[PDB]
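Comments concern the structure below.
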Amino acid sequence: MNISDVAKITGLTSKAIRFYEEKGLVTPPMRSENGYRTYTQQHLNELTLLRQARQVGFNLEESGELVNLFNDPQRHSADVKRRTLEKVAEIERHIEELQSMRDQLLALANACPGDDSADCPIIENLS
Amino acid sequence: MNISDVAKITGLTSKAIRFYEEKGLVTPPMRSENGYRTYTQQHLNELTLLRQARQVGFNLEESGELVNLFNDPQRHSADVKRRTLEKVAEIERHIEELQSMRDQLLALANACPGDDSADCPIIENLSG
Amino acid sequence: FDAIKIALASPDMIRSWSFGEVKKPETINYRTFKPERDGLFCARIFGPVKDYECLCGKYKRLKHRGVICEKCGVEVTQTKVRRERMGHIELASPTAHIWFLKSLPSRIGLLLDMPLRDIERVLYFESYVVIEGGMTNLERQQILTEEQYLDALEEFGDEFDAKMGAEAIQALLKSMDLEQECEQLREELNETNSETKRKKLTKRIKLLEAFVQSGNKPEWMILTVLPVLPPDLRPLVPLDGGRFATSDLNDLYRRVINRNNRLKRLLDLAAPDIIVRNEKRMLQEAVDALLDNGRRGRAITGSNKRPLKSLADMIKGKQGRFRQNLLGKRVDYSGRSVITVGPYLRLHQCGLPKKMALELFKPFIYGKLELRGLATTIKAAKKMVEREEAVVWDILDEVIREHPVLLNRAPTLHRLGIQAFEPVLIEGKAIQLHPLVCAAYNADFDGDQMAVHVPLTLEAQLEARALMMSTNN
Amino acid sequence: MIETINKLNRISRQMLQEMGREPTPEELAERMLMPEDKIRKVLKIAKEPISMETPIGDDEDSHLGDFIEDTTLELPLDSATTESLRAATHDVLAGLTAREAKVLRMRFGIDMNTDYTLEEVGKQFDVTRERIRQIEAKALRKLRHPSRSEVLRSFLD
Amino acid sequence: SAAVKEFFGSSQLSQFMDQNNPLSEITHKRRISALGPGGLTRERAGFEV
Amino acid sequence: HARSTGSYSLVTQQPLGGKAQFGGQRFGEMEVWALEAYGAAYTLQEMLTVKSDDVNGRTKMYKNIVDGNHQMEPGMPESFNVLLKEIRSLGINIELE
Amino acid sequence: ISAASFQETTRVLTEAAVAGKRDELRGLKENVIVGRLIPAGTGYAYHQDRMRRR
Amino acid sequence: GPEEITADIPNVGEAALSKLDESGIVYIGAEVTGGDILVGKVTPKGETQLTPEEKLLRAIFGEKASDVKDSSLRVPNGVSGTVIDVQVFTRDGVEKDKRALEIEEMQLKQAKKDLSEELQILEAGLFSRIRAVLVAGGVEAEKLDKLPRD
DNA sequence: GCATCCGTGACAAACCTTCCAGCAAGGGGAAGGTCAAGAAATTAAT
DNA sequence: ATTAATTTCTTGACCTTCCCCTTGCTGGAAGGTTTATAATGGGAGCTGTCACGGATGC
Ligand SMILES: [Ag+]
Ligand SMILES: [Mg+2]
Ligand SMILES: [Zn+2]
């Protein structure tokens, strides 16, 4: 019921969940009156939910906003749906700017395979 | 030549170029007997090259290699070509990961709209 | 000051001496060369490492002279505080001072009329003693075994009070008497008429009248708190080979504080009597091996299979602090050189190499070069010395005349084995000694390594010229 | 680190038994699954420091402690120049017949306890920092010329 | 190896052989000392040895 | 082999010995008794206090000789207080008058 | 302090510690060990003023 | 920081560094005098707190004593003479400068040329024994001697 | 009141907690360092 | 005994590092806790060290 054996079962590391415990990401478990910490099965479910959220490519702020509305009987799934829609809109804006860099750059670097001549038309055009 | 108008030319501040100086990718500039950094025309070309990639065209890990090969000064237009082919391979793996994430979100994130029916198990289905 | 006063160390005196207490056996850190909090070399207890430079690097360069950094307790001052800061190891149990226990004479039995066999029986945790009893059978200073202690427990109960070890003899020395026992021994010395008793009772009553007259107490004879040696005096310094240069007394103090921490861990954990009596016995043996290693038992070894130096081996014979570092000491301006023959000189005149007079008379060379205007600063004159300018030989000939120097054979045979000489400047790398005084040296020319000592001030210069020159005797 | 260095000693003994030659740090680093700089770092801190009473000579007359260099060194440089340069500044800056010497002696800490910046010396005299900076630059232009501060110029060594 | 390297180089029998002359080498190899373990010491000896 | 203010020690603040270590010859105790048999007090007060012992004394002596003042300035020896703190740590009270 | 330098420094130092032997430094080696001027030779005239002004 | 072996040493003249290379080591055959530097081995020292007079001196002139410290082991004074060999050793994973590379190349050239001359004279003696056997058995002044020894 | 026994001189191996530095890729606050404007203090007409 | 063109002083107005910090891990270092067959009197000089007193036992 400790944290590192549960991390090894779920496939996580102890440093990640300890960094989640350092900030306001995972709910703080009760102290087991020793140098260890016990876990509720709901805490393990929240841990593997946050691991599934971080492994697919969500930022940790929005996954923290997902796990704040986890393990509670309210569970509103409309405003957090709009927040995840804005998150993937920002992700698609990042995709758009990186593909803009991709089709901006890739038509200038054909020749000059590594000769000792000090003449290149890429850097003088870019700068 | 203190870098304040040079900083307005290159489009950055003193902190970012100071962090570039503290890293192992920028040649050490001249100090004009006061601790102030002096940048010449070749240094201005290096600064505009690194700012024309980091804010515009690349990230730090590739613009550092570009400004490292720029001070050779024997430039290569095909080493940068295989470098940007590896970079576009990395970012196409990145965007296929993000499009798989978007497809998984649209597959396992559809729920009921805003009404008096709370407690949706879609977060529990995303938990697994 | 004009007098040296010695006494016995009170625990309140050590508490005033301390200015910081040590509780952990750490000396320094093993990666960084900085001692951490509350250690054997720590900055809060003893002081900083460099001159005006704190531990973490927050307060330095004469800005904070008397404030205390709240992060680690360091007082930012010079390195001179590292040679005067004391100890105060918080001992959980009192222990036996082996200098006042196993000496010849022991001075703790002659204060009590107890033989040294019984002292070994009580201080080693084997036999009990009773301080006072309700009946005359359990009188003062009675030596009881553990079966006799059990018999007195089932016979008396709460009437008697018999502990074991250093605490029992500590309470016995503390609560015996102060002057009534001295008056009773003074009247019973001349009350009885004998000779074998009047050769030890007079020494006992002289010891007791010294205790009452000097203001000392027998409680201060036993050791209840141990102060450590200053850490600059036992320096854990990195040598130039990669490893460290430590002292074995640091190892003994680490073992003493380790046994003290084990005792402190044994008091709160409700230990049985065997382990805590063996812990106090081992603390007694550890402080015995720290004070005088060759008295209580086998000399404690180290890693190189050698008897480690105790506090008594630091002052003992020619290898002690007295005859190697205090009485017979190495000295600056002392040049080891062989003896040669100068026959073209006067009786008060000796030879001197220009290289040895150049390196030996360096403050005189720098002062004469600055007072003549031939050199601007000290290091310019040093570069003139290191490059061997032509004018520094002339200024050395100017400063070497009317300036006596002390020639000295090692080891000297009598008083005329060392006397002063007015040197001249020749070539070579040896001292041309006048041949008439070699019989007064009894130093034939066998390559004898003569030390040449320079008197610095005009008091010692005129003392060399007018009193211990060879023309004076 | 005691456990890792005991495992390193056991692996070094095993490679001694399997090879015969002295164990290089490369084989111990690849068998320890650790980088080589950490292996040499834990190898550096190998054992207890040589005590002070080991007979490093031929007899029992000179033990250790008579060979240690001083960490708090007092060279002819560090003893002579640290007072002669102070006397030279007290002679030269006394010729400065205005408040520039009075604001320069506390600019660096000469004949003062606490080192002050331009702001702290400003509140006593001249609260605008650039006035103290300009008088410091004027004293620098007076002192940098090799005409009368040549005795101060000779102290660069 | 600790024993055969403590005896070779750090014992009282092992010392620096003066290689200035061949005579010094062959009189240091044919040198019968009585120091170290088992033998006497220079300070604890009499006129008999 | 001579020595003039270079590479001191750390234990008792002492000059070293040997030519490879750059330390002067030992002024032993028999030489102390012979120098005291002469009655030389100022040379013995230099040879054991201000030439080798006191770290704040030998620096003041060096600064006095460099500036030309050859005046005997004694003080507290920095190895007598070594013995003082050694017997104070030993468990024996001692102080000055 | 001169007796604690010859031999058995442990024994005579314990005898000095338990008796409170306050040294007046009258002897000649007693000023050698403390590091002051000796009361012998040229230092005798200094000790003539030292012991009178005390 | 680790102790580098370089040539640019402060607080010393160029004539003292005249017999040194860019690595600071003397060349083979350098007639050094007592007091000069034989190997320029400076250490990176910590930022020790300076006296305010030396701080004023650093503020006035261009004397900027950085972390490089003049701790190179010089020649002991009075000992003249030349140098006969400069043995260089290094730890694994550490790069070599040009002086250690040229000393390793000199040692490789010695172990190549001396062993090659040893093998050449050994081959000459073995072929002299072969020629002695050939003239002991028969005699051919043209087929054996005029034909090359390989 | 006498013979006889010790100091002391001797040129393993995993298991879990807190605490702190690095590389992203840099922005900002605190604290200390240099440039163009108007004000003190000098001189050439009476 | 006067003041008008230079030459300094003073004051905003700008210019750098130092250090803490930004989200997100990632690695390293210091300290404490179990592990569950059977494990029960351990270990090491070195004397080839000789001649005194000071205390112990007849
Ligand atoms: Ag090109
Ligand atoms: Mg002789
Ligand atoms: Zn600190």
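Convention: chains lettered A, B, ... in structure tokens order; per-chain residue numbering from 1; ligands numbered from 1 as shown.
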
**OP:** Give the residue list for ligand 1 at 6 Å, counting only C-alpha atoms (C1' of nucleotides) and all ligand atoms, as a list in words, sorted by chain and then by residue number.
**Re:** residues 112, 118, 119 and 120 of chain A; 75, 76 and 77 of chain B

**OP:** Using only C-alpha atoms (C1' of nucleotides) and all ligand atoms, find each protein or nucleic acid residue lying at most 6 Å from ligand 3; present the set as an MDAnalysis selection string.
**Re:** chainID C and resid 54:58 69 72 74

Subject >> Surrounding residues of residue 10 in chain H excluding itself and chain neighbours under 4 positions, 12 Å, only C-alpha atoms (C1' of nucleotides), as number ranges by chain >> reply: D: 156-157; H: 6, 14, 16-17, 40-43, 63-72

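Using only C-alpha atoms, we find that the part of chain H lying within 12 Å of chain D comprises residues 10, 11, 12, 13, 48, 50, 51, 52, 53, 54, 55, 56, 57, 58, 59, 60, 61, 62, 63, 64, 65, 70, 91, 92, 93 and 94 of chain H.
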
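Among all protein and nucleic acid residues, the ones that lie within 10 Å of ligand 2 when counting only C-alpha atoms (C1' of nucleotides) and all ligand atoms are residues 409, 410, 411, 442, 443, 444, 445, 446, 447, 448 and 449 of chain C.
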
Emit the selected residues as a short mmCIF file (atom, residue, chain, number, x, y, z; two decimals), in the first residue's frame, including N, CA, C and O atoms.
data_model
loop_
_atom_site.label_atom_id
_atom_site.label_comp_id
_atom_site.auth_asym_id
_atom_site.auth_seq_id
_atom_site.Cartn_x
_atom_site.Cartn_y
_atom_site.Cartn_z
N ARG C 409 76.46 24.46 16.38
CA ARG C 409 76.59 23.04 16.07
C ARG C 409 75.41 22.28 16.68
O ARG C 409 74.99 22.57 17.80
N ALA C 410 74.89 21.31 15.93
CA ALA C 410 73.79 20.48 16.39
C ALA C 410 74.22 19.02 16.41
O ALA C 410 74.57 18.48 15.34
N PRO C 411 74.22 18.34 17.56
CA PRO C 411 73.90 18.90 18.88
C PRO C 411 75.12 19.50 19.58
O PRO C 411 76.25 19.05 19.37
N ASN C 442 84.18 21.35 19.72
CA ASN C 442 84.48 19.92 19.54
C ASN C 442 83.76 19.39 18.30
O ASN C 442 83.04 18.39 18.33
N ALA C 443 83.90 20.12 17.20
CA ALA C 443 83.28 19.79 15.92
C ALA C 443 84.37 19.79 14.86
O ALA C 443 84.63 20.82 14.22
N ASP C 444 85.02 18.65 14.68
CA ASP C 444 85.97 18.49 13.60
C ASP C 444 85.26 18.49 12.26
O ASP C 444 84.06 18.21 12.16
N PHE C 445 86.01 18.81 11.20
CA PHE C 445 85.41 19.03 9.89
C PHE C 445 85.02 17.71 9.24
O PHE C 445 85.71 17.21 8.34
N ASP C 446 83.91 17.14 9.70
CA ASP C 446 83.38 15.87 9.23
C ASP C 446 82.06 16.06 8.49
O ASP C 446 81.25 15.14 8.40
N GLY C 447 81.83 17.26 7.96
CA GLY C 447 80.54 17.57 7.37
C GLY C 447 79.45 17.79 8.39
O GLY C 447 78.31 17.38 8.17
N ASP C 448 79.78 18.42 9.52
CA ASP C 448 78.81 18.65 10.58
C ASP C 448 77.82 19.73 10.16
O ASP C 448 78.21 20.83 9.78
N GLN C 449 76.53 19.40 10.23
CA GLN C 449 75.46 20.30 9.81
C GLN C 449 75.28 21.39 10.87
O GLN C 449 74.58 21.19 11.86
#

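The nearest approach to residue 90 in chain F among the residues C:332, C:103, C:9, C:90, with only C-alpha atoms taken into account, belongs to C:9.
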
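Computed from the coordinates, the CA of residue 49 in chain A to CA of residue 98 in chain B distance equals 18.2 Å.
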
**OP:** Enumerate as an MDAnalysis selection string the residues belonging to chain F that approach chain C to within 8 Å, with only C-alpha atoms taken into account.
**Re:** chainID F and resid 1:5 10:12 14:17 24:35 37:38 40 42:43 46:48 51:52 62 65:68 70:72 79:83 85:86 88:97

**OP:** For each of J:26, J:7, J:2, J:14, take the minimum atom-to-atom distance to chain B, counting only C-alpha atoms (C1' of nucleotides), then give the residue where this is smallest.
**Re:** J:14

Original post:
For the atom pair CA of residue 346 in chain C and CA of residue 403 in chain C, what is the interatomic distance in Å to one decimal place?
Top reply: 15.1 Å

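Between CA of residue 87 in chain B and CA of residue 102 in chain A the separation is 9.2 Å.
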
**OP:** Would you mind writing down, as a ChimeraX atom specification, each residue of chain B that DSSP on the backbone assigns to strand (DSSP E or B)?
**Re:** /B:2,30-31,37-38

Original post:
Near range 13-20 of chain E, counting only C-alpha atoms (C1' of nucleotides), which residues have an atom at most 7 Å away, once you skip same-chain residues fewer than 5 positions from it, shown as a VMD selection string?
Top reply: chain E and resid 8 25 28 35 to 36

Restricting the output to N, CA, C and O atoms, write the selected residues as a compact mmCIF listing (two decimals), in the first residue's frame.
# COMPACT_ATOMS: atom_id res chain seq x y z
N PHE E 8 57.01 -5.15 1.69
CA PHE E 8 57.85 -4.60 0.63
C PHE E 8 57.58 -3.10 0.52
O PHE E 8 56.70 -2.66 -0.22
N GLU E 25 75.37 -1.10 -3.53
CA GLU E 25 74.33 -2.09 -3.80
C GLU E 25 74.71 -3.46 -3.25
O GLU E 25 73.88 -4.13 -2.63
N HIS E 28 74.64 -3.36 0.55
CA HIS E 28 73.28 -3.29 1.08
C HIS E 28 72.50 -4.57 0.84
O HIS E 28 71.56 -4.85 1.59
N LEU E 35 66.87 -5.26 12.89
CA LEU E 35 65.75 -4.40 13.22
C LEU E 35 64.44 -5.10 12.84
O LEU E 35 64.42 -6.27 12.45
N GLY E 36 63.33 -4.37 12.95
CA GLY E 36 62.04 -4.88 12.55
C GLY E 36 61.45 -5.86 13.55
O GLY E 36 61.84 -5.89 14.72

Subject >> alpha helix (DSSP H) residues, from DSSP on the backbone, in range 27-112 of chain B, as a ChimeraX atom specification >> reply: /B:41-54,60-70,79-107

Using only N, CA and C atoms, please write the residues we just selected to a file, as a compact mmCIF listing (two decimals), in the first residue's frame.
# COMPACT_ATOMS: atom_id res chain seq x y z
N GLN B 41 30.11 43.40 -35.82
CA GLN B 41 29.20 43.10 -36.93
C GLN B 41 29.06 41.60 -37.16
N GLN B 42 30.14 40.83 -36.98
CA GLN B 42 30.03 39.38 -37.04
C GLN B 42 29.25 38.84 -35.85
N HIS B 43 29.45 39.45 -34.67
CA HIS B 43 28.65 39.10 -33.50
C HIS B 43 27.19 39.49 -33.69
N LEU B 44 26.93 40.61 -34.37
CA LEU B 44 25.55 40.99 -34.70
C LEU B 44 24.93 40.03 -35.69
N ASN B 45 25.72 39.51 -36.64
CA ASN B 45 25.22 38.50 -37.57
C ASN B 45 24.90 37.19 -36.85
N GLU B 46 25.75 36.80 -35.89
CA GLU B 46 25.48 35.61 -35.08
C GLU B 46 24.24 35.79 -34.22
N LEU B 47 24.05 36.99 -33.67
CA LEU B 47 22.89 37.27 -32.83
C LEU B 47 21.60 37.27 -33.64
N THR B 48 21.63 37.88 -34.83
CA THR B 48 20.45 37.87 -35.69
C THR B 48 20.18 36.49 -36.26
N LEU B 49 21.22 35.66 -36.42
CA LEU B 49 21.00 34.28 -36.86
C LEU B 49 20.35 33.45 -35.76
N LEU B 50 20.81 33.61 -34.51
CA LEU B 50 20.23 32.81 -33.43
C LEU B 50 18.84 33.31 -33.06
N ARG B 51 18.57 34.60 -33.24
CA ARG B 51 17.23 35.12 -32.99
C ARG B 51 16.29 34.92 -34.17
N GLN B 52 16.83 34.71 -35.37
CA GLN B 52 16.02 34.39 -36.54
C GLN B 52 15.65 32.91 -36.60
N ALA B 53 16.11 32.11 -35.64
CA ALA B 53 15.72 30.72 -35.52
C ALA B 53 14.96 30.44 -34.23
N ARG B 54 15.45 30.91 -33.08
CA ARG B 54 14.85 30.55 -31.80
C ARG B 54 13.47 31.18 -31.63
N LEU B 60 16.30 25.87 -29.26
CA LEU B 60 17.66 26.16 -28.79
C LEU B 60 18.63 25.06 -29.22
N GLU B 61 18.18 23.81 -29.22
CA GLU B 61 19.06 22.67 -29.49
C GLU B 61 19.53 22.62 -30.94
N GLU B 62 18.82 23.26 -31.86
CA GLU B 62 19.26 23.31 -33.25
C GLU B 62 19.89 24.65 -33.62
N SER B 63 19.37 25.75 -33.07
CA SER B 63 19.98 27.06 -33.31
C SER B 63 21.35 27.17 -32.67
N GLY B 64 21.59 26.44 -31.58
CA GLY B 64 22.93 26.39 -31.02
C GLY B 64 23.92 25.71 -31.95
N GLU B 65 23.50 24.62 -32.60
CA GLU B 65 24.37 23.96 -33.57
C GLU B 65 24.55 24.82 -34.82
N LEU B 66 23.52 25.57 -35.20
CA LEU B 66 23.63 26.48 -36.34
C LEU B 66 24.62 27.61 -36.07
N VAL B 67 24.53 28.24 -34.89
CA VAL B 67 25.47 29.31 -34.56
C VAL B 67 26.85 28.75 -34.20
N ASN B 68 26.95 27.47 -33.85
CA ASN B 68 28.27 26.85 -33.68
C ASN B 68 28.95 26.59 -35.02
N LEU B 69 28.20 26.13 -36.03
CA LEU B 69 28.79 25.94 -37.35
C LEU B 69 28.93 27.26 -38.11
N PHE B 70 28.27 28.32 -37.66
CA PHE B 70 28.39 29.61 -38.35
C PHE B 70 29.72 30.28 -38.03
N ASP B 79 24.79 19.59 -44.02
CA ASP B 79 24.74 19.18 -42.62
C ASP B 79 23.53 19.78 -41.93
N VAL B 80 23.20 21.03 -42.25
CA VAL B 80 21.97 21.63 -41.75
C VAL B 80 20.76 20.98 -42.41
N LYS B 81 20.92 20.40 -43.61
CA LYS B 81 19.81 19.73 -44.27
C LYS B 81 19.48 18.40 -43.59
N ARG B 82 20.49 17.60 -43.27
CA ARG B 82 20.21 16.37 -42.53
C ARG B 82 19.80 16.67 -41.09
N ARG B 83 20.28 17.79 -40.53
CA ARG B 83 19.83 18.22 -39.21
C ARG B 83 18.35 18.57 -39.21
N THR B 84 17.89 19.33 -40.21
CA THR B 84 16.47 19.65 -40.24
C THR B 84 15.61 18.48 -40.72
N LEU B 85 16.18 17.50 -41.43
CA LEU B 85 15.42 16.27 -41.69
C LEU B 85 15.21 15.46 -40.42
N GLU B 86 16.24 15.38 -39.56
CA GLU B 86 16.04 14.75 -38.26
C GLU B 86 15.08 15.56 -37.39
N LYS B 87 15.11 16.89 -37.52
CA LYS B 87 14.19 17.73 -36.76
C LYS B 87 12.75 17.56 -37.22
N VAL B 88 12.52 17.47 -38.53
CA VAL B 88 11.15 17.26 -39.00
C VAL B 88 10.69 15.83 -38.77
N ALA B 89 11.61 14.86 -38.67
CA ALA B 89 11.22 13.53 -38.22
C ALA B 89 10.77 13.54 -36.76
N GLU B 90 11.50 14.28 -35.91
CA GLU B 90 11.11 14.41 -34.51
C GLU B 90 9.77 15.12 -34.36
N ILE B 91 9.55 16.20 -35.12
CA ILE B 91 8.27 16.90 -34.97
C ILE B 91 7.13 16.19 -35.69
N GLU B 92 7.40 15.31 -36.67
CA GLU B 92 6.29 14.55 -37.23
C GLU B 92 5.90 13.40 -36.30
N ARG B 93 6.86 12.83 -35.56
CA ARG B 93 6.51 11.94 -34.46
C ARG B 93 5.74 12.68 -33.38
N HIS B 94 6.11 13.94 -33.12
CA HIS B 94 5.40 14.77 -32.15
C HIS B 94 3.96 15.02 -32.57
N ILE B 95 3.74 15.40 -33.83
CA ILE B 95 2.38 15.72 -34.25
C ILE B 95 1.55 14.47 -34.47
N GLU B 96 2.17 13.31 -34.75
CA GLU B 96 1.36 12.10 -34.78
C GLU B 96 0.97 11.67 -33.36
N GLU B 97 1.83 11.96 -32.37
CA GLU B 97 1.45 11.75 -30.97
C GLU B 97 0.30 12.68 -30.57
N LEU B 98 0.37 13.95 -30.98
CA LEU B 98 -0.70 14.88 -30.63
C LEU B 98 -2.00 14.60 -31.38
N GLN B 99 -1.93 14.10 -32.62
CA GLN B 99 -3.17 13.78 -33.31
C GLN B 99 -3.77 12.48 -32.78
N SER B 100 -2.94 11.55 -32.30
CA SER B 100 -3.47 10.39 -31.58
C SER B 100 -4.10 10.81 -30.26
N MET B 101 -3.51 11.79 -29.58
CA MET B 101 -4.10 12.33 -28.36
C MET B 101 -5.43 13.03 -28.63
N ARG B 102 -5.51 13.79 -29.73
CA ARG B 102 -6.76 14.46 -30.10
C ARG B 102 -7.84 13.46 -30.49
N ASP B 103 -7.45 12.38 -31.19
CA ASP B 103 -8.40 11.34 -31.56
C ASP B 103 -8.90 10.59 -30.32
N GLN B 104 -8.00 10.32 -29.37
CA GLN B 104 -8.41 9.68 -28.12
C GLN B 104 -9.30 10.59 -27.28
N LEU B 105 -9.05 11.91 -27.31
CA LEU B 105 -9.90 12.85 -26.58
C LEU B 105 -11.29 12.92 -27.19
N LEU B 106 -11.37 12.98 -28.52
CA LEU B 106 -12.67 12.99 -29.18
C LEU B 106 -13.37 11.64 -29.11
N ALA B 107 -12.63 10.56 -28.86
CA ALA B 107 -13.26 9.25 -28.71
C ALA B 107 -13.80 9.04 -27.30

Subject >> Residue neighbourhood residue 45 in chain C, 10 Å, only C-alpha atoms (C1' of nucleotides), exclusion window fewer than 2 positions, as an NGL selection string >> reply: :C and (18-22 or 37-43 or 47-48 or 73-75 or 82 or 85-88)

Atoms to include: N, CA and C atoms. Write the selected residues as a compact mmCIF listing (two decimals), in the first residue's frame.
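See result21.txt below for the written result:
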# COMPACT_ATOMS: atom_id res chain seq x y z
N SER C 18 33.21 26.89 26.80
CA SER C 18 32.77 26.16 25.62
C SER C 18 32.52 27.07 24.43
N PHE C 19 31.55 27.99 24.56
CA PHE C 19 31.02 28.82 23.47
C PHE C 19 30.61 27.96 22.27
N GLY C 20 29.82 26.93 22.56
CA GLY C 20 29.44 25.94 21.56
C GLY C 20 29.71 24.53 22.03
N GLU C 21 28.77 23.62 21.79
CA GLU C 21 28.86 22.25 22.27
C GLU C 21 28.74 21.28 21.10
N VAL C 22 29.44 20.16 21.19
CA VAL C 22 29.51 19.17 20.12
C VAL C 22 28.68 17.96 20.52
N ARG C 37 26.57 21.15 10.37
CA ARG C 37 26.12 21.67 11.66
C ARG C 37 26.42 20.69 12.79
N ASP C 38 26.95 21.23 13.89
CA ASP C 38 27.18 20.54 15.17
C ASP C 38 28.11 19.34 15.01
N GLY C 39 29.35 19.63 14.63
CA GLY C 39 30.34 18.59 14.42
C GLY C 39 31.66 18.82 15.14
N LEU C 40 32.64 17.95 14.89
CA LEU C 40 33.94 18.04 15.54
C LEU C 40 34.82 19.14 14.97
N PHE C 41 34.48 19.70 13.81
CA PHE C 41 35.24 20.79 13.21
C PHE C 41 34.34 21.96 12.84
N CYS C 42 33.15 22.05 13.45
CA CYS C 42 32.06 22.87 12.96
C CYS C 42 32.35 24.36 13.11
N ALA C 43 31.61 25.16 12.33
CA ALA C 43 31.81 26.60 12.31
C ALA C 43 31.04 27.30 13.42
N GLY C 47 34.54 27.87 14.87
CA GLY C 47 34.77 29.02 14.04
C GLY C 47 34.95 28.67 12.58
N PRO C 48 35.08 29.69 11.73
CA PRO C 48 35.12 29.47 10.28
C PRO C 48 36.47 28.91 9.84
N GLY C 73 24.94 29.15 12.31
CA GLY C 73 25.54 29.54 13.57
C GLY C 73 26.97 30.02 13.51
N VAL C 74 27.51 30.25 12.31
CA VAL C 74 28.92 30.60 12.16
C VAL C 74 29.15 32.04 12.61
N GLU C 75 30.18 32.24 13.43
CA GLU C 75 30.64 33.58 13.79
C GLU C 75 31.79 33.96 12.87
N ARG C 82 39.98 29.41 16.08
CA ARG C 82 40.00 27.96 15.96
C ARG C 82 41.05 27.30 16.85
N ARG C 85 38.88 27.74 20.96
CA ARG C 85 37.52 27.32 21.22
C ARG C 85 37.50 25.92 21.81
N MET C 86 36.70 25.74 22.86
CA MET C 86 36.69 24.52 23.64
C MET C 86 35.60 23.56 23.16
N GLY C 87 35.32 22.56 23.99
CA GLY C 87 34.52 21.39 23.66
C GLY C 87 33.13 21.37 24.27
N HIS C 88 33.04 20.77 25.46
CA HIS C 88 31.84 20.43 26.23
C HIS C 88 30.99 19.38 25.53

**OP:** Excluding range 29-37 of chain I and residues on its chain fewer than 4 positions from it, collect all residues at most 12 Å away from it, counting only C-alpha atoms (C1' of nucleotides), and give them as a ChimeraX atom specification.
**Re:** /B:2,32-36 /D:116-120,129-130,132-134,137 /J:10-21

**OP:** Pick out the residues sitting within 12 Å of range 15-25 of chain I, and hand them over as a VMD selection string; count only C-alpha atoms (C1' of nucleotides), and ignore anything fewer than 3 positions along from it in its own chain.
**Re:** (chain A and resid 2 to 5 14 to 15 18 22 31 to 38) or (chain B and resid 15 to 17 19 to 20 23 54 to 55 59 to 61) or (chain J and resid 22 to 35)
